[PDB]
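Chemist: One structure coming up, written as structure tokens, with questions to follow.
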Amino acid sequence: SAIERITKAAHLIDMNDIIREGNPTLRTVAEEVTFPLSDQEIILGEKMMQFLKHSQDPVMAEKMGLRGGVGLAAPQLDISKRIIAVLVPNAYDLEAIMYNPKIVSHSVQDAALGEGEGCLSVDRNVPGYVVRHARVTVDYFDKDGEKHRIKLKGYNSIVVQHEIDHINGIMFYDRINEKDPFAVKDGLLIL
Ligand SMILES: Cc1nc(NNC(=O)[C@H](CC2CCCC2)CN(O)CO)c(F)c(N2CCN3CCOC[C@@H]3C2)n1
Ligand code: NI
């Protein structure tokens, strides 16, 4: 399985482990993890965070052939589990490996990155504002099964929502306004 080979001590996630649109796993709803986690589930979270760190290192990214990433979801590795990693630099505005993340509150206000979004699973540009909640309250469990409840805004909020979308089989272009991709709707904050 993908999880068995990715969690080998010697394995370094690279772009060859990341599946692309057309793979049905990106459109399936990922399964919750149970606690306690297996060793493989903990190692996977660590491997995903290591990939983000490699992806943000100019030297390692070029040597490994990586697209830069600030987040990653296990379904992008063909692993249909509710596991995400987020690494948003300021050192880091947000560094977390989240098990069973869930939005439990959201603002009426929407937000979208002014520069649109990309996706490591999408090998093409799709222009437009990806409309998301401006602010979210997120529950998740860490590797030890301890529960965390955090409040996010700005870029941090966008990144986590993008990853949660992946574990629900949703892609970023699902949220662009097709009729006018750069419409600034009432109540939409452009970051
Ligand atoms: C905004 C941004 N999106 C990058 N790519 N897309 C991704 O991360 C996808 C996830 C993001 C897409 C929009 C919201 C979440 C991956 N995905 O598909 C996950 O599911 C970046 F790489 C990036 N940064 C800023 C920080 N920089 C530090 C130095 O190193 C380079 C790095 C570049 N910012
Ligand atoms: Ni993505």
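Residue numbers start at 1 in each chain; chains themselves are named A, B, ... in the order of the structure tokens; ligands are numbered from 1 in the order shown.
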Could you give me, as a tab-separated table, every region 69-188 of chain A residue with an atom at most 6 Å from region 35-49 of chain A, plus its closest atom pair and distance in Å to one decimal, counting only C-alpha atoms, rows ordered by chain then number?
Modeler:
```
residue	atom	partner	partner_atom	distance
A:85	CA	A:49	CA	5.8
A:97	CA	A:45	CA	5.9
A:143	CA	A:42	CA	6.0
```
Chemist: What are the nearest atom pairs, with distances in Å to one decimal, for all residues of chain A that come at most 10 Å from ligand 1, using only C-alpha atoms and all ligand atoms, set out by chain and rising residue number as a tab-separated table?
Modeler:
```
residue	atom	partner	partner_atom_place_in_ligand_line	distance
A:18	CA	ligand 1	18 (O)	9.5
A:20	CA	ligand 1	18 (O)	9.7
A:52	CA	ligand 1	8 (O)	8.1
A:53	CA	ligand 1	30 (O)	8.3
A:54	CA	ligand 1	30 (O)	8.9
A:55	CA	ligand 1	30 (O)	6.5
A:56	CA	ligand 1	30 (O)	3.5
A:57	CA	ligand 1	30 (O)	6.1
A:58	CA	ligand 1	30 (O)	7.1
A:61	CA	ligand 1	30 (O)	8.7
A:66	CA	ligand 1	22 (F)	9.7
A:67	CA	ligand 1	22 (F)	6.7
A:68	CA	ligand 1	22 (F)	3.6
A:69	CA	ligand 1	8 (O)	3.1
A:70	CA	ligand 1	8 (O)	3.8
A:71	CA	ligand 1	19 (C)	4.7
A:72	CA	ligand 1	19 (C)	4.3
A:73	CA	ligand 1	20 (O)	5.5
A:74	CA	ligand 1	20 (O)	8.9
A:75	CA	ligand 1	20 (O)	9.0
A:76	CA	ligand 1	20 (O)	7.1
A:84	CA	ligand 1	20 (O)	8.5
A:85	CA	ligand 1	19 (C)	8.8
A:86	CA	ligand 1	15 (C)	8.5
A:87	CA	ligand 1	26 (C)	8.3
A:88	CA	ligand 1	26 (C)	6.3
A:89	CA	ligand 1	26 (C)	6.0
A:90	CA	ligand 1	26 (C)	8.5
A:92	CA	ligand 1	28 (C)	9.6
A:112	CA	ligand 1	14 (C)	9.3
A:113	CA	ligand 1	13 (C)	7.6
A:114	CA	ligand 1	1 (C)	9.9
A:115	CA	ligand 1	1 (C)	8.0
A:116	CA	ligand 1	13 (C)	7.3
A:117	CA	ligand 1	13 (C)	4.4
A:118	CA	ligand 1	12 (C)	5.0
A:119	CA	ligand 1	18 (O)	3.1
A:120	CA	ligand 1	18 (O)	3.9
A:121	CA	ligand 1	18 (O)	5.7
A:122	CA	ligand 1	18 (O)	7.4
A:130	CA	ligand 1	13 (C)	8.6
A:155	CA	ligand 1	14 (C)	7.4
A:156	CA	ligand 1	14 (C)	8.4
A:157	CA	ligand 1	14 (C)	8.7
A:158	CA	ligand 1	14 (C)	5.5
A:159	CA	ligand 1	15 (C)	3.8
A:160	CA	ligand 1	15 (C)	7.0
A:161	CA	ligand 1	15 (C)	7.8
A:162	CA	ligand 1	15 (C)	5.4
A:163	CA	ligand 1	20 (O)	5.0
A:164	CA	ligand 1	20 (O)	8.5
A:165	CA	ligand 1	20 (O)	8.3
A:166	CA	ligand 1	20 (O)	6.5
A:167	CA	ligand 1	20 (O)	9.4
A:171	CA	ligand 1	20 (O)	8.7
A:172	CA	ligand 1	13 (C)	8.0
```
Chemist: Please return as a PyMOL selection string: the residues of region 147-183 of chain A that backbone DSSP assigns to strand (DSSP E).
Modeler: chain A and resi 147-152
Chemist: Restricting the calculation to only C-alpha atoms: of A:65, A:187, A:22, A:128, which residue gets closest to residue 173 (chain A)?
Modeler: A:128
Chemist: What gap, in Å, lies between CA of residue 168 (chain A) and CA of residue 26 (chain A)?
Modeler: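 Distance between the two atoms: 8.5 Å.
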Chemist: What parts of region 44-104 of chain A does DSSP call alpha helix (DSSP H)? I'd like the answer as a PyMOL selection string.
Modeler: chain A and resi 44-56+58-64
Chemist: Keeping only N, CA, C and O atoms, write the selected residues as a PDB file, in the first residue's frame.
Modeler:
```
ATOM      1  N   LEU A  44       3.520   8.656   9.042  1.00  0.00           N
ATOM      2  CA  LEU A  44       3.009   9.326   7.852  1.00  0.00           C
ATOM      3  C   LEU A  44       2.915  10.830   8.082  1.00  0.00           C
ATOM      4  O   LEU A  44       3.369  11.628   7.251  1.00  0.00           O
ATOM      5  N   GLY A  45       2.330  11.239   9.208  1.00  0.00           N
ATOM      6  CA  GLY A  45       2.262  12.663   9.508  1.00  0.00           C
ATOM      7  C   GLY A  45       3.636  13.300   9.498  1.00  0.00           C
ATOM      8  O   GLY A  45       3.827  14.388   8.941  1.00  0.00           O
ATOM      9  N   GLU A  46       4.625  12.607  10.078  1.00  0.00           N
ATOM     10  CA  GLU A  46       5.986  13.125  10.090  1.00  0.00           C
ATOM     11  C   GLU A  46       6.549  13.212   8.677  1.00  0.00           C
ATOM     12  O   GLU A  46       7.230  14.189   8.333  1.00  0.00           O
ATOM     13  N   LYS A  47       6.283  12.193   7.846  1.00  0.00           N
ATOM     14  CA  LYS A  47       6.784  12.209   6.467  1.00  0.00           C
ATOM     15  C   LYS A  47       6.164  13.349   5.677  1.00  0.00           C
ATOM     16  O   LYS A  47       6.836  13.993   4.863  1.00  0.00           O
ATOM     17  N   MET A  48       4.875  13.598   5.892  1.00  0.00           N
ATOM     18  CA  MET A  48       4.215  14.700   5.201  1.00  0.00           C
ATOM     19  C   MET A  48       4.807  16.042   5.614  1.00  0.00           C
ATOM     20  O   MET A  48       5.018  16.921   4.771  1.00  0.00           O
ATOM     21  N   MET A  49       5.081  16.228   6.903  1.00  0.00           N
ATOM     22  CA  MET A  49       5.694  17.484   7.331  1.00  0.00           C
ATOM     23  C   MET A  49       7.111  17.621   6.776  1.00  0.00           C
ATOM     24  O   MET A  49       7.516  18.709   6.349  1.00  0.00           O
ATOM     25  N   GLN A  50       7.874  16.524   6.757  1.00  0.00           N
ATOM     26  CA  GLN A  50       9.207  16.578   6.160  1.00  0.00           C
ATOM     27  C   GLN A  50       9.138  17.009   4.702  1.00  0.00           C
ATOM     28  O   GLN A  50      10.006  17.754   4.225  1.00  0.00           O
ATOM     29  N   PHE A  51       8.124  16.539   3.967  1.00  0.00           N
ATOM     30  CA  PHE A  51       7.990  16.932   2.569  1.00  0.00           C
ATOM     31  C   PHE A  51       7.780  18.432   2.454  1.00  0.00           C
ATOM     32  O   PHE A  51       8.394  19.093   1.605  1.00  0.00           O
ATOM     33  N   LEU A  52       6.896  18.985   3.295  1.00  0.00           N
ATOM     34  CA  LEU A  52       6.666  20.424   3.254  1.00  0.00           C
ATOM     35  C   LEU A  52       7.955  21.183   3.522  1.00  0.00           C
ATOM     36  O   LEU A  52       8.251  22.176   2.847  1.00  0.00           O
ATOM     37  N   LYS A  53       8.753  20.709   4.484  1.00  0.00           N
ATOM     38  CA  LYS A  53      10.006  21.380   4.795  1.00  0.00           C
ATOM     39  C   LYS A  53      10.991  21.271   3.639  1.00  0.00           C
ATOM     40  O   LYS A  53      11.624  22.265   3.268  1.00  0.00           O
ATOM     41  N   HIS A  54      11.124  20.081   3.044  1.00  0.00           N
ATOM     42  CA  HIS A  54      11.942  19.958   1.840  1.00  0.00           C
ATOM     43  C   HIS A  54      11.426  20.870   0.733  1.00  0.00           C
ATOM     44  O   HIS A  54      12.210  21.507   0.020  1.00  0.00           O
ATOM     45  N   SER A  55      10.108  20.928   0.557  1.00  0.00           N
ATOM     46  CA  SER A  55       9.538  21.744  -0.508  1.00  0.00           C
ATOM     47  C   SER A  55       9.803  23.233  -0.320  1.00  0.00           C
ATOM     48  O   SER A  55       9.714  23.991  -1.296  1.00  0.00           O
ATOM     49  N   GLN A  56      10.115  23.671   0.896  1.00  0.00           N
ATOM     50  CA  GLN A  56      10.313  25.089   1.152  1.00  0.00           C
ATOM     51  C   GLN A  56      11.782  25.445   1.247  1.00  0.00           C
ATOM     52  O   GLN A  56      12.122  26.617   1.442  1.00  0.00           O
ATOM     53  N   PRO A  58      15.090  25.960  -0.747  1.00  0.00           N
ATOM     54  CA  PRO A  58      15.479  26.111  -2.159  1.00  0.00           C
ATOM     55  C   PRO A  58      16.400  24.999  -2.635  1.00  0.00           C
ATOM     56  O   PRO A  58      16.206  24.471  -3.738  1.00  0.00           O
ATOM     57  N   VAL A  59      17.377  24.605  -1.816  1.00  0.00           N
ATOM     58  CA  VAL A  59      18.331  23.574  -2.227  1.00  0.00           C
ATOM     59  C   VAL A  59      17.632  22.226  -2.387  1.00  0.00           C
ATOM     60  O   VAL A  59      17.718  21.582  -3.442  1.00  0.00           O
ATOM     61  N   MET A  60      16.929  21.776  -1.342  1.00  0.00           N
ATOM     62  CA  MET A  60      16.290  20.463  -1.400  1.00  0.00           C
ATOM     63  C   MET A  60      15.189  20.429  -2.444  1.00  0.00           C
ATOM     64  O   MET A  60      15.026  19.427  -3.150  1.00  0.00           O
ATOM     65  N   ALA A  61      14.410  21.512  -2.558  1.00  0.00           N
ATOM     66  CA  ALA A  61      13.324  21.516  -3.524  1.00  0.00           C
ATOM     67  C   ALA A  61      13.844  21.311  -4.940  1.00  0.00           C
ATOM     68  O   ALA A  61      13.251  20.564  -5.730  1.00  0.00           O
ATOM     69  N   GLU A  62      14.950  21.967  -5.290  1.00  0.00           N
ATOM     70  CA  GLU A  62      15.453  21.814  -6.650  1.00  0.00           C
ATOM     71  C   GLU A  62      16.051  20.429  -6.843  1.00  0.00           C
ATOM     72  O   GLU A  62      15.789  19.765  -7.852  1.00  0.00           O
ATOM     73  N   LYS A  63      16.810  19.956  -5.864  1.00  0.00           N
ATOM     74  CA  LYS A  63      17.419  18.641  -6.014  1.00  0.00           C
ATOM     75  C   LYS A  63      16.357  17.549  -6.088  1.00  0.00           C
ATOM     76  O   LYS A  63      16.482  16.602  -6.875  1.00  0.00           O
ATOM     77  N   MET A  64      15.290  17.668  -5.295  1.00  0.00           N
ATOM     78  CA  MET A  64      14.279  16.620  -5.287  1.00  0.00           C
ATOM     79  C   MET A  64      13.187  16.822  -6.335  1.00  0.00           C
ATOM     80  O   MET A  64      12.357  15.924  -6.527  1.00  0.00           O
TER      81      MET A  64
END
```
Chemist: Which one of A:7, A:110, A:99, A:94 sits closest to residue 144 (chain A) if you count only C-alpha atoms?
Modeler: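 Using only C-alpha atoms, the shortest distance to residue 144 (chain A) belongs to A:99.
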Chemist: Within 7 Å of residue 133 (chain A), counting only C-alpha atoms, which residues show up once you throw out same-chain ones fewer than 6 positions away? Write them as a ChimeraX atom specification, please.
Modeler: /A:106-107,109-111
Chemist: Selection from above, N, CA and C atoms, as a PDB file, in the first residue's frame, can you write it?
Modeler:
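As written to disk, selection.pdb reads:
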```
ATOM      1  N   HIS A 106     -17.554  28.901  11.672  1.00  0.00           N
ATOM      2  CA  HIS A 106     -16.982  29.690  10.589  1.00  0.00           C
ATOM      3  C   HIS A 106     -17.664  31.046  10.530  1.00  0.00           C
ATOM      4  N   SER A 107     -16.927  32.032  10.032  1.00  0.00           N
ATOM      5  CA  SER A 107     -17.444  33.386   9.910  1.00  0.00           C
ATOM      6  C   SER A 107     -18.412  33.482   8.741  1.00  0.00           C
ATOM      7  N   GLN A 109     -18.303  36.250   6.958  1.00  0.00           N
ATOM      8  CA  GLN A 109     -17.363  36.809   5.996  1.00  0.00           C
ATOM      9  C   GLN A 109     -16.609  35.706   5.270  1.00  0.00           C
ATOM     10  N   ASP A 110     -16.441  35.886   3.966  1.00  0.00           N
ATOM     11  CA  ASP A 110     -15.612  35.024   3.140  1.00  0.00           C
ATOM     12  C   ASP A 110     -14.268  35.692   2.894  1.00  0.00           C
ATOM     13  N   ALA A 111     -13.284  34.887   2.485  1.00  0.00           N
ATOM     14  CA  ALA A 111     -11.998  35.424   2.067  1.00  0.00           C
ATOM     15  C   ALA A 111     -11.445  34.578   0.927  1.00  0.00           C
TER      16      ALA A 111
END
```
Chemist: Go through A:19, A:108, A:184, A:29 and flag the residue nearest ligand 2, using only C-alpha atoms and all ligand atoms for the distances.
Modeler: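 Closest candidate: A:19.
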Chemist: Quick one: residues within 10 Å of residue 102 (chain A), only C-alpha atoms counted, chain neighbours fewer than 2 positions away excluded, as a PDB file with C-alpha atoms, in the first residue's frame?
Modeler:
```pdb
ATOM      1  CA  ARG A  82      -8.224  12.221   7.449  1.00  0.00           C
ATOM      2  CA  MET A  98      -3.694  17.312  12.259  1.00  0.00           C
ATOM      3  CA  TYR A  99      -5.634  14.060  12.694  1.00  0.00           C
ATOM      4  CA  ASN A 100      -9.388  14.191  11.995  1.00  0.00           C
ATOM      5  CA  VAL A 104     -16.676  23.601  14.068  1.00  0.00           C
ATOM      6  CA  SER A 105     -17.365  27.317  13.509  1.00  0.00           C
ATOM      7  CA  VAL A 136     -12.575  29.165  11.106  1.00  0.00           C
ATOM      8  CA  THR A 137     -12.498  27.339  14.413  1.00  0.00           C
ATOM      9  CA  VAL A 138     -10.844  23.957  13.845  1.00  0.00           C
ATOM     10  CA  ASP A 139     -10.857  20.908  16.114  1.00  0.00           C
ATOM     11  CA  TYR A 140      -8.191  18.273  15.587  1.00  0.00           C
ATOM     12  CA  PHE A 141      -6.225  15.558  17.361  1.00  0.00           C
ATOM     13  CA  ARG A 149      -9.290  23.717  19.274  1.00  0.00           C
ATOM     14  CA  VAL A 160      -6.280  24.551   6.472  1.00  0.00           C
ATOM     15  CA  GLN A 161      -9.550  24.802   4.542  1.00  0.00           C
ATOM     16  CA  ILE A 164      -9.722  19.802   4.736  1.00  0.00           C
TER      17      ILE A 164
END
```
Chemist: Taking only C-alpha atoms and all ligand atoms into account, which of A:79, A:33, A:170, A:134 comes nearest ligand 2?
Modeler: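 Closest to ligand 2 of all the choices is A:170.
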Chemist: In Å, rounded to a single decimal, give me how far CA of residue 129 (chain A) is from CA of residue 181 (chain A).
Modeler: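 If I compute the distance from CA of residue 181 (chain A) to CA of residue 129 (chain A), I get 6.0 Å.
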Chemist: With distances taken over only C-alpha atoms, which of A:12, A:188, A:91, A:3 is nearest to residue 135 (chain A)?
Modeler: A:188
